[PDB]
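Pasting a structure below so you can have a look.
Each chain gets a letter, A, B, C, D, E, F, G, H, I, J, K and L, in the order it is written, and its residues are counted from 1.
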Amino acid sequence: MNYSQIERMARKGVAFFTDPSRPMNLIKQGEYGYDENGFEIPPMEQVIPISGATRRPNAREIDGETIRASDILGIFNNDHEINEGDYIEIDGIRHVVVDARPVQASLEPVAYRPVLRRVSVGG
Amino acid sequence: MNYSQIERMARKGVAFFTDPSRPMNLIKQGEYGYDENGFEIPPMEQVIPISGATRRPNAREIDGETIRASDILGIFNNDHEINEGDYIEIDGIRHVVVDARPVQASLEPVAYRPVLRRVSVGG
Amino acid sequence: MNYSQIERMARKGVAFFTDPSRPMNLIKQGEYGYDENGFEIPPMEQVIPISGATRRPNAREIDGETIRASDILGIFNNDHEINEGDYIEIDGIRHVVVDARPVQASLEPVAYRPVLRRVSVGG
Amino acid sequence: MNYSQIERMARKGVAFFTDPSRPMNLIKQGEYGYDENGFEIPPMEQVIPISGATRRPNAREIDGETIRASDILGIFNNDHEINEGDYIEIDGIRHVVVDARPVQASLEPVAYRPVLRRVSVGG
Amino acid sequence: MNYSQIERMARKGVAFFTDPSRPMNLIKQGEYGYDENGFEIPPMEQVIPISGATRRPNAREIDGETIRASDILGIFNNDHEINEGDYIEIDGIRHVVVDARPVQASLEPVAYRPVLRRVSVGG
Amino acid sequence: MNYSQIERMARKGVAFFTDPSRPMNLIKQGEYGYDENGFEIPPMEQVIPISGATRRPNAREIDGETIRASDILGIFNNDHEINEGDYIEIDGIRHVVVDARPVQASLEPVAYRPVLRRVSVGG
Amino acid sequence: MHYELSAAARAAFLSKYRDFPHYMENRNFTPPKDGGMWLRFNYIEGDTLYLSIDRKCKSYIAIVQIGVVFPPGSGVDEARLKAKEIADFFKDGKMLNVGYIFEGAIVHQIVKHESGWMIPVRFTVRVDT
Amino acid sequence: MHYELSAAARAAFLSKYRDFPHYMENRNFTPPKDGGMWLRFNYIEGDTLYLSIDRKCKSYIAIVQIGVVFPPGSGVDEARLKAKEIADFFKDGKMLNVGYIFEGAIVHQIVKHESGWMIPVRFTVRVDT
Amino acid sequence: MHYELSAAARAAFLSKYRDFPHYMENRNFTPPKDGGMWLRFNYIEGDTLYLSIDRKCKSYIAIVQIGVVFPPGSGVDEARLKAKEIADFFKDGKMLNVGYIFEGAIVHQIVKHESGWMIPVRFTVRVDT
Amino acid sequence: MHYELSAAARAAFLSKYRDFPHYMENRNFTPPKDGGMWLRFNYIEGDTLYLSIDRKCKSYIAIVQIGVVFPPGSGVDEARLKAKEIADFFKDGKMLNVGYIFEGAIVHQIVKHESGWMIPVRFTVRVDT
Amino acid sequence: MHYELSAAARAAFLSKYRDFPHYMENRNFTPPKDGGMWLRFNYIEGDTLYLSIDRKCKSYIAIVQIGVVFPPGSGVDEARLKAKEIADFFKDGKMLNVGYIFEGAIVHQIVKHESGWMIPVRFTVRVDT
Amino acid sequence: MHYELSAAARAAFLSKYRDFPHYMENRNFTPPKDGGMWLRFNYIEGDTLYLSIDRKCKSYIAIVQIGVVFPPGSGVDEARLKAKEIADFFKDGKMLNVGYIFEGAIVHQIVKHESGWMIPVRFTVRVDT
C-alpha cells in the first residue's frame, strides 16, 4: 500500500473535520533528576501548538461529591508525535493523554487518536 | 465544514421535534460565600425559560422503598449554555443536569444533549 | 409534528394488536392518613376497566423455592393515565406497575408502555 | 388480527419442524395434602403424550465434579397447556419446565416455548 | 423435513471442510467397579479413529504460571456418537469433550459440535 | 478445499498489508537444566528475523502508577512457527506471545494471529 | 430424629392455620390471585449434642421459621396482629406429639422488597434420647 | 408488642411534624416537585430479652430512624439545624404513649449521592412486660 | 495414611448401599435418567497432630460427606428417612478396616436449588500411629 | 452541637487558606483549569458519649479531613510540604471558637489514580456540655 | 538465605523425581500430550524471626508445595498413593543440604476443576544463623 | 517529618543503585526496551505515636518497599540474589541521614503475572523528636 496516499488522505480528513478557531497546545516535559542530598529538581516544559478534532465528551462522578469534570477523545494528524503522559489543553483546561492509539500499519504513526483525561481530578 | 449550516439544521430539527406547549425553565445559581465566623450566605438563583425535546424516560428503585421517581434525557439548541450542575424543570419537577454532552466539533457547542436526573431523591 | 396524527396512528395500531376477549382492569388507590393515636386508616380503591396488548412473559426464581410467578409488559393508549404504583390485573392475577414509560415527545403521554410485575411474590 | 390464522400457521410450522419418531410425554401432578398427624400424602400423576420441536442444547457444570447433564428448550402447540412445574420427558430423561413462555397476544396461548431443565441434578 | 437430505448435506459440508491428513482418534472407557475391600479396578479403553473439522483455538492462563495449553472446538458427522466425558486426540494432545452439542431436530444427532478442552491441565 | 490456494492467498494479503521498513525479530529459547547441587544453567537464545502486520494498540494501567506500556496484536505467515511463550520484538521493545491463534483448518497453521503483550511490565 | 420433629411442627401449624393460604416445602405453590397474606413454613436443622461419656445420650435441636407475607401498599396492622396470633400459639414448654419447645416464638425484623414484605417469626424445638 | 411501640413513635413524629413533607412505610410517596427537604421515617425492630427464669418477663427493643433528605447543590447548614431540632425533641427518658426511650437521638454521618443527600438520625425505644 | 482410611470408608458404604446410585470422585457419572435419589460421596481431609516431644507420634483426621440428592417437586419425607438410614449405619465408636469413627453422622441443613435439593451428612474418622 | 463545631472548623481553615483553591461541601466546584493543587475539605461525624447517670452530661466527637490533591507527573515533594504546613497549624490542644482539638493532624498514605493523587490529612475535635 | 533453602528443596525433589513430568518455576512447561500425572513444584516464602536482643540471630522459614495434577475421568487411587509416596520421603527432622525440615508433609484437600484435579502436598523448612 | 525521612531513604537507595533501572514516585518511567530487571521504589507512611503526657514527644514510622521486577521465562535465581544483595545493605540499627532502621529488610513472597514477576522487599524507619 502507498502509505503516503493513506497519510495524505488522513491529513485531509482531519483538516476537514477540524475547527481552526479552537486553540490547542501540546505540553511536553524535560529531564528529571535528584540532587546528592535526596531532594529533586523540577523538570522543564515545552509548549507546542497543535490542531485537530475531538469526539465523545464524557462526565465524571466522585463518590457523590459535587465536583464537575469531563473527559474527551481527540483525533490528530502526523505532525508532532504524541507519547503517553503528555499534557494537551483543549480550550484552557489541561488534559493528560493516558493512551494515544496510533493508526498501526507502518513505522510512521500515520495518525493519532489520543484518549484525553481531565487532570487534577481526584479518584 | 460550514458549521453554521450544521447549526441551522440542528436548530431546525430540534424545533421540528419539540412541543411548544411544554413549559421548561433553566435555573442557574450565583456566587456563594462564607462569613467571618464560618456560617454561609445562600446564593441567588435566576430562571431562564427554555424549550426543547425529551427522550428515554427511566424509573428509579430505592432499596425496595415505595418512592416513585423518574429520570429523562433531553435535547436543546445553543441558545442558553447548559453547564453541569444546573437545574431544569421539565413540567414542574426539578431535574439536575448531571452531564450535558454537547455536539463537539467546534468552539460553539452547536447543540446540547443533557442528562437530567430527578432531584431530592435519596440514594 | 402533528402529534394528533401520531396519537391516532398509535391508537389504531394498539387496537389492531389487542384481543377484545381478554378482561383487564386498572385499580387506583385513594388518600391514606393517620388518626390521633398513630394508627392508620385504610385507603379506598377504584376499578377502571382498560384494554391493551402484552409482550415479553418472564418467570421468577426465589432462592430455589417452588414458587411459580411471572412478569409481563404491556402497551396501552392515552385513555386512562397510568402512574407508577397502580395495580393492573391481566387475567385475575394482580400486577403492580413498577414503571410506566410513556412515549415522550409532548405534553400528553400519547401512549403508555408499562412494566408490570407480579405482586405478593417474595424477593 | 385473525388470531385463528396465526394459530393455524404456528401449528403448521411446528408440525413441519417436528420429528414424529421422537417420543415425548407430559406429566402432571394431582392434589397434595397432609393427614391429621402431620405426615404427608403423595400426589398422583398423569401422563399425556405430546409432540414438538427442540432447540439449544446446553451442558451443566457442578463445582468441577464429573457429573454429566444437559438442558434444552422446546416448542409446542396449544393442544395441552403447559404450566410451570410440570415434567416433560424428551427421550426417557425427565425435564422440569422452569419457565413456559407462551406467545402473548391473546387469551389462548397460541403456542408454547417452554424452558426445560434436567431434573435430579444438584445445583 | 427430509432429515435424510439434511444429514447428507451436513456430511458433505463436513467432508468438504476437513483435512484428511490430520489424524484424530476417539477414546471411550468401559465399565468400572470396586472389589470387596474398597479398592477399585481400572477400566478398559477403546480407540476409534475419526475425522472432522476444527475451529476457534483459545489459550489458557493459570494464576500467572508459565504453563502453555490451548482449547479448541470441533465439528463431526453422525458416524460415531460422541457423548460427554470421552477423550478426543486432535494431533496427539488429548482433549476431553466437556460438552458435545448435537443438531437437535430429530432422534438421530445429525451432526455433532463438541467442545474440546485440554486435559491434565490444573485449574 | 485446496488449502494451498488458501495459503497463497493469505500470504499475498499479509505481504500486501506489511511495511518492509519495520524491523521485527523472533526469539526462541533452548533447553534448560539444573546442576547436581540444585542451581540452574541459563538457556541459550536464537533470533530469527520475521515480517508481518500489526493491529489493535492497547495501553496498560497499574494501580495508578506512572508506568507507560502498550500491547499490540499481529498477523504473520506460516514461514516460522510461533509457539506460545516466544518473544517478538516489534521495534526494539520485546513482546511475549501469550497466545498465538493459528488459522485452524489443516495440519499446517496456514497463518498466525499472535497476541503480543509487553514484557517486564508489572502486574 | 429430625423427621418426627418436623412432622410434629407440621402437625401443630396446620392445626391452627390449615385454611390460611400457606406454603409447604418442595411442593409447587401459587401465590393468591387476588394478592394477599400467605404464610411460608420453613424448617431449619441445627446441632446434635453429645451429653455423655458413653456416647449414648444425645439431643437434637432444630429451628422452625414461619413468615407472613403481605402485599406492598396495604400497610402494617394485620401483619403484626397475625404475628401475635402466631406467637401466642407457640409459647414455651409446649409438649408436641414428639418433642418440646426449647425457646418460644419471637417476632423478628421486617424484610422488605418492592413486590412483597415479610415478618419472620421463629422458634426452637428439642428432644432428648 | 412492636405494634403499639411503632404506633406511639408514629404518634409522636406526626404530632410535631404532621405538616412537613414525609414518607411513611409502605405508602406511595412522591418527592416534592420543586425539590426540597422531606423526612424519611423508618422503624427497625430488634431483640426480645428473657430477663427471668419463669419465662414470663420479657422486654422489647426497637430502633427508629428519621432521615433528612435535601437536594444536592444547596449546602449543608439547614439540614444540620433540622437534625438538631429533631434530636432536641427525642431526649432521653421520654415516656411515650406506650413504652419509653432507652437512648436519645444521635446525628450520624452524611450518606452522599448525585441526586440527594441524607442525614441519618436514630434513637431507641423500650417496654417492659 | 489418608489412602487406606479412605478405602475403608468406601468399603462400608458399598457394603450397604451398593444398589443405590452413587458418585465416586474423579469418575464420570450420569444422574438417573428417570430422575431419582443418587448419593454424592466426598472425602475431606483435616489436620495432622503431633502428640509427642520426640516428633514420632502422629494421628490423622478426615471428614467424610455423603449427600442425598432428590428432585424438586416430590417433597421431603424420603430424603429424611434415607438420612436417618445413613446416620444409623455410621454410629460412634465403629472400627473400620483401618481406623474408627471419632464423631458420628450429623444431618445438616438442606441446600436448596431449582434443579435439585441436597441433604449433607458428615462424620469424622481418626487413625493413631 | 455538630453545627457549631463544623462552623468553627470551617472558620479556622478559611482563615488561613481562604485564597488557596478549595472545595466546600455541597457546593458546585470546578477544578483549576491549568491543573494544580486544590484542597478538599470534608467533615465526618462521630459518636456522642453519655458520661453520666443523670443523662445530662454528654460530649460530641467529629473527624475533619483535609485532602491535598495534585496532578500526576509533577512529583511528590510539594504535596508533602503542604501537608506539613497544614499539620503544623492544627496542633493538639488548640482552642477554636467553640470546642477544642482532641487529637492532632496525622499525614496518611497517598491514594493514587491516573487523573490525580491525594494525601489525606485528618484531625479530631471535641465539645463537652 | 532463601536462596540456599530453595536450592536444597529443589535438590531433594530432583534427586528422587528427575523423571516424572514436573514443572519448575518461571520456565515454559507443556503438560503431557497423552494426558497424565505431572508434578507442580512451588516455593512459598515466610517470615524471618529476630530471636535475640543483639539483632544478630535470625531464623528463616519457607513453605514448599508439591501438587500432583491428574486428569479427570480416571479415578482417585493413584493420586493418593503418589501423595503417600511423596509424604513418606519428606518426613520430619530430615537434614537437607542447607537447613532442615521443621514440619512434615500433610496431604490436603483436593482442588477440583473440569480440566484437571490437583491434590496439594506441602511441608516447611527452617535454617538457623 | 515524613518529608525529611522520605528524602533520607531516597538518598540511600540512590547512593548504591543510582546506576540501575528504577521507578521514582510520580515520575514518568519507561520499562527497559530489551526487557530486564528494574527496581520499583515505594514509600508507605504509618502512624505517629504520642509517647508522653506533655504532648510534645512524638515519633514517626514509615515503611519503605523496594520491588525487584524481572521478565517471565528467565527463571528465579538472579532475582533472589538481587534480593539478598539489597537485604544485606539495609541491616538493623543503621544510621541514615536523619533517623534509623527500626526493622531490617524482609524478602517476601513473589507476586506473579503473565507479563512480569515481582519480589517485594521492605523495611521500616523511625525518628524521635
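One rule holds for everything that comes next: contacts are C-beta pairs under 8 Å (C-beta built on N, C-alpha and C of every residue); 3 or more make two chains touch, one makes a residue touch a chain.
**Q** Count the C-beta contact pairs for D-I and for B-J, then tell me which is higher.
**A** D-I
**Q** Which of these pairs, B-J, D-I or D-K, matches C-I in more than half of the residue pairs in contact?
**A** Repeat interface, by the over-half criterion: D-K.
**Q** Taking the mean of the C-alpha atoms as each chain's centre, how many Å separate chain A from chain G?
**A** 66
**Q** In whole angstrom, how far does the Cα centroid of chain B sit from the Cα centroid of chain D?
**A** 51
**Q** Using mean CA coordinates as chain centres, what's the gap between chain C and chain D in Å?
**A** The separation of the two C-alpha centroids amounts to 29 Å.
**Q** Need the CA-centroid distance for the pair chain F / chain K, whole Å please.
**A** Chain centroid spacing, chain F to chain K, equals 33 Å.
**Q** Which positions in chain I touch two or more other chains at once?
**A** Within chain I, the residues that touch at least two other chains are 6-7, 24, 26-28, 72-73, 75, 77, 112-114, 117.
**Q** Which positions in chain E touch two or more other chains at once?
**A** 29, 32, 39-40, 61, 64-66, 68, 85, 98, 123
**Q** For chain K, which residues are in contact with chain E within the complex?
**A** 23, 26-38, 40, 67, 69-73, 75, 77, 111-118
**Q** Looking at the complex, which residues from chain F come into contact with chain E?
**A** Spelled out, the residues of chain F in touch with chain E are 1, 3, 83-85, 98-99, 101-102, 104-107, 115, 123.
**Q** Report the residues of chain D in contact with chain K in the complex, numbered from low to high.
**A** Result: residues 61, 63-66 of chain D touch chain K.
**Q** Would you mind writing out the residues of chain L in touch with chain K in their complex?
**A** On the chain L side, the touching residues are 72-77, 80-81, 83-84, 92-93, 103-104, 106-110, 117.
**Q** Across the complex, what residues on chain E touch chain F?
**A** 16-17, 19, 21-22, 53-59, 61, 64, 66, 68, 70, 72, 91
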